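Novice: Sharing my_file-v2.pdb (PDB, C-alpha atoms) below.
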```pdb
ATOM      1  CA  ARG A  15     129.388  91.682 101.742  1.00  0.00           C
ATOM      2  CA  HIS A  16     127.301  90.091  98.928  1.00  0.00           C
ATOM      3  CA  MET A  17     123.939  91.557 100.208  1.00  0.00           C
ATOM      4  CA  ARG A  18     122.962  94.776 102.033  1.00  0.00           C
ATOM      5  CA  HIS A  19     119.884  95.994 103.991  1.00  0.00           C
ATOM      6  CA  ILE A  20     119.483  99.835 104.212  1.00  0.00           C
ATOM      7  CA  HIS A  21     117.184 102.423 105.815  1.00  0.00           C
ATOM      8  CA  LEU A  22     116.746 105.316 103.306  1.00  0.00           C
ATOM      9  CA  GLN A  23     114.835 108.515 104.189  1.00  0.00           C
ATOM     10  CA  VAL A  24     114.200 110.820 101.192  1.00  0.00           C
ATOM     11  CA  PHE A  25     113.237 114.493 101.621  1.00  0.00           C
ATOM     12  CA  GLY A  26     112.003 117.336  99.398  1.00  0.00           C
ATOM     13  CA  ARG A  27     109.074 117.209  96.935  1.00  0.00           C
ATOM     14  CA  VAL A  28     108.537 113.462  97.546  1.00  0.00           C
ATOM     15  CA  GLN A  29     104.757 113.300  98.313  1.00  0.00           C
ATOM     16  CA  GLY A  30     101.878 113.724  95.823  1.00  0.00           C
ATOM     17  CA  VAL A  31     104.219 112.737  92.911  1.00  0.00           C
ATOM     18  CA  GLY A  32     103.711 108.927  92.534  1.00  0.00           C
ATOM     19  CA  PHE A  33     106.965 108.429  94.540  1.00  0.00           C
ATOM     20  CA  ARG A  34     105.878 105.041  96.078  1.00  0.00           C
ATOM     21  CA  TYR A  35     104.628 103.631  92.708  1.00  0.00           C
ATOM     22  CA  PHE A  36     107.834 104.786  90.846  1.00  0.00           C
ATOM     23  CA  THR A  37     110.067 103.422  93.703  1.00  0.00           C
ATOM     24  CA  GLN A  38     108.364  99.983  93.249  1.00  0.00           C
ATOM     25  CA  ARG A  39     109.485  99.881  89.532  1.00  0.00           C
ATOM     26  CA  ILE A  40     113.098 100.635  90.625  1.00  0.00           C
ATOM     27  CA  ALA A  41     112.832  97.866  93.310  1.00  0.00           C
ATOM     28  CA  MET A  42     111.649  95.456  90.587  1.00  0.00           C
ATOM     29  CA  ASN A  43     114.476  96.496  88.198  1.00  0.00           C
ATOM     30  CA  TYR A  44     117.284  95.657  90.705  1.00  0.00           C
ATOM     31  CA  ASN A  45     115.729  92.610  92.554  1.00  0.00           C
ATOM     32  CA  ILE A  46     115.128  94.653  95.784  1.00  0.00           C
ATOM     33  CA  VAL A  47     112.900  93.553  98.709  1.00  0.00           C
ATOM     34  CA  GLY A  48     111.576  95.804 101.501  1.00  0.00           C
ATOM     35  CA  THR A  49     109.081  98.665 101.784  1.00  0.00           C
ATOM     36  CA  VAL A  50     108.296 102.256 100.689  1.00  0.00           C
ATOM     37  CA  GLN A  51     106.020 104.428 102.941  1.00  0.00           C
ATOM     38  CA  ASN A  52     104.844 108.051 103.348  1.00  0.00           C
ATOM     39  CA  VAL A  53     105.998 109.182 106.835  1.00  0.00           C
ATOM     40  CA  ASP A  54     104.934 112.708 107.928  1.00  0.00           C
ATOM     41  CA  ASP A  55     105.810 114.799 104.739  1.00  0.00           C
ATOM     42  CA  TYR A  56     108.722 112.582 103.506  1.00  0.00           C
ATOM     43  CA  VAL A  57     109.322 108.992 102.271  1.00  0.00           C
ATOM     44  CA  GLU A  58     110.921 106.117 104.227  1.00  0.00           C
ATOM     45  CA  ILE A  59     112.371 103.005 102.509  1.00  0.00           C
ATOM     46  CA  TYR A  60     113.761  99.694 103.795  1.00  0.00           C
ATOM     47  CA  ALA A  61     115.661  98.013 100.927  1.00  0.00           C
ATOM     48  CA  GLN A  62     117.547  94.695 100.784  1.00  0.00           C
ATOM     49  CA  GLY A  63     119.388  93.081  97.887  1.00  0.00           C
ATOM     50  CA  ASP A  64     122.783  92.408  96.378  1.00  0.00           C
ATOM     51  CA  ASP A  65     125.350  95.241  96.982  1.00  0.00           C
ATOM     52  CA  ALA A  66     125.433  96.607  93.357  1.00  0.00           C
ATOM     53  CA  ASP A  67     121.603  96.304  93.025  1.00  0.00           C
ATOM     54  CA  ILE A  68     121.202  98.346  96.297  1.00  0.00           C
ATOM     55  CA  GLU A  69     123.610 101.005  94.817  1.00  0.00           C
ATOM     56  CA  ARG A  70     121.507 101.096  91.576  1.00  0.00           C
ATOM     57  CA  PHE A  71     118.296 101.316  93.663  1.00  0.00           C
ATOM     58  CA  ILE A  72     119.600 104.170  95.900  1.00  0.00           C
ATOM     59  CA  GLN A  73     120.708 106.221  92.855  1.00  0.00           C
ATOM     60  CA  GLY A  74     117.410 105.676  90.983  1.00  0.00           C
ATOM     61  CA  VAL A  75     115.432 106.842  94.075  1.00  0.00           C
ATOM     62  CA  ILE A  76     117.628 109.888  95.077  1.00  0.00           C
ATOM     63  CA  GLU A  77     117.932 111.140  91.425  1.00  0.00           C
ATOM     64  CA  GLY A  78     114.087 111.360  91.666  1.00  0.00           C
ATOM     65  CA  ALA A  79     112.161 108.055  91.567  1.00  0.00           C
ATOM     66  CA  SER A  80     109.265 110.068  89.988  1.00  0.00           C
ATOM     67  CA  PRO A  81     109.799 112.611  87.183  1.00  0.00           C
ATOM     68  CA  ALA A  82     107.558 114.961  89.290  1.00  0.00           C
ATOM     69  CA  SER A  83     109.767 114.523  92.413  1.00  0.00           C
ATOM     70  CA  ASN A  84     112.567 116.804  93.609  1.00  0.00           C
ATOM     71  CA  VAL A  85     114.759 114.992  96.174  1.00  0.00           C
ATOM     72  CA  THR A  86     116.622 117.695  98.195  1.00  0.00           C
ATOM     73  CA  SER A  87     118.264 115.443 100.842  1.00  0.00           C
ATOM     74  CA  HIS A  88     118.487 111.779 101.924  1.00  0.00           C
ATOM     75  CA  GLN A  89     119.730 109.862 104.993  1.00  0.00           C
ATOM     76  CA  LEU A  90     121.102 106.299 104.591  1.00  0.00           C
ATOM     77  CA  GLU A  91     121.768 103.798 107.464  1.00  0.00           C
ATOM     78  CA  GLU A  92     123.378 100.357 106.974  1.00  0.00           C
ATOM     79  CA  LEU A  93     121.342  97.594 108.719  1.00  0.00           C
ATOM     80  CA  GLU A  94     121.740  93.928 109.635  1.00  0.00           C
ATOM     81  CA  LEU A  95     120.052  91.717 107.020  1.00  0.00           C
ATOM     82  CA  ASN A  96     116.301  91.032 107.492  1.00  0.00           C
ATOM     83  CA  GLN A  97     115.682  87.376 106.395  1.00  0.00           C
ATOM     84  CA  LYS A  98     111.814  87.789 106.687  1.00  0.00           C
ATOM     85  CA  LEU A  99     111.740  90.095 103.547  1.00  0.00           C
ATOM     86  CA  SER A 100     110.613  88.263 100.315  1.00  0.00           C
ATOM     87  CA  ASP A 101     109.113  91.105  98.151  1.00  0.00           C
ATOM     88  CA  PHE A 102     108.988  94.933  97.771  1.00  0.00           C
ATOM     89  CA  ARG A 103     105.720  96.560  98.990  1.00  0.00           C
ATOM     90  CA  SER A 104     104.178 100.068  99.003  1.00  0.00           C
ATOM     91  CA  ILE A 105     102.765 100.532 102.595  1.00  0.00           C
TER      92      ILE A 105
END
```
Step by step, read the file and then write its structure as structure tokens.

Specialist:
Amino acid sequence: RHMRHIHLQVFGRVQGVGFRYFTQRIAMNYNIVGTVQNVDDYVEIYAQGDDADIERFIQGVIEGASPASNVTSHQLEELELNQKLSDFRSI
């Protein structure tokens, strides 16, 4: 599969650390579209791009998108492609 679309939930010290702003720079680095959002006390991401770029994006986020972050856990789900995505947004 050339492209992937993923649901990524990241847990730990992931709020009040610039997580959404730092995730945006990683999305720009690897040509990723989708969203980053604060949900309750964790972070939820939808991410779409080429397979290797998605791998690079996941690792950059879960190794701590922000230097202030401490990611303790993540959950990943593989999704059907979303052809309405055209950029990466902090929501």

Novice: Give the answer as one residue: which of A:34, A:98, A:27, A:18 has the shortest atom-to-atom distance to residue A:59, using all atoms listed in the file?

Specialist: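 The answer is A:34, which sits nearest to residue A:59.
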
Novice: Would you translate the PyMOL selection byres ((chain A and resi 91) around 6) into the concrete set of residues it matches in this file, as an NGL selection string?

Specialist: :A and (20-21 or 90 or 92)

Novice: Just C-alpha atoms for this one: save the residues we selected as a PDB file, keeping the file's coordinate frame.

Specialist:
```pdb
ATOM      1  CA  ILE A  20     119.483  99.835 104.212  1.00  0.00           C
ATOM      2  CA  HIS A  21     117.184 102.423 105.815  1.00  0.00           C
ATOM      3  CA  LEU A  90     121.102 106.299 104.591  1.00  0.00           C
ATOM      4  CA  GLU A  92     123.378 100.357 106.974  1.00  0.00           C
TER       5      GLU A  92
END
```

Novice: Pick out the closest residue to residue A:35 from this set: A:105, A:53, A:85, A:61. Count all atoms listed in the file.

Specialist: A:105

Novice: Between A:22, A:95, A:76, A:66, which has the minimum distance to residue A:50 (counting all atoms listed in the file)?

Specialist: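 Selected residue with least distance to residue A:50: A:22.
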
Novice: I need the output of the PyMOL selection byres ((chain A and resi 17) around 6) for this file as a ChimeraX atom specification; which residues are they?

Specialist: /A:15-16,18,63-65

Novice: By how many Å are atom CA of residue A:80 and atom CA of residue A:94 apart?

Specialist: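 Atom CA of residue A:94 lies 28.3 Å from atom CA of residue A:80.
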
Novice: What separation in Å, quoted to one decimal, exists between atom CA of residue A:19 and atom CA of residue A:36?

Specialist: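 Taking atom CA of residue A:19 and atom CA of residue A:36, their separation equals 19.9 Å.
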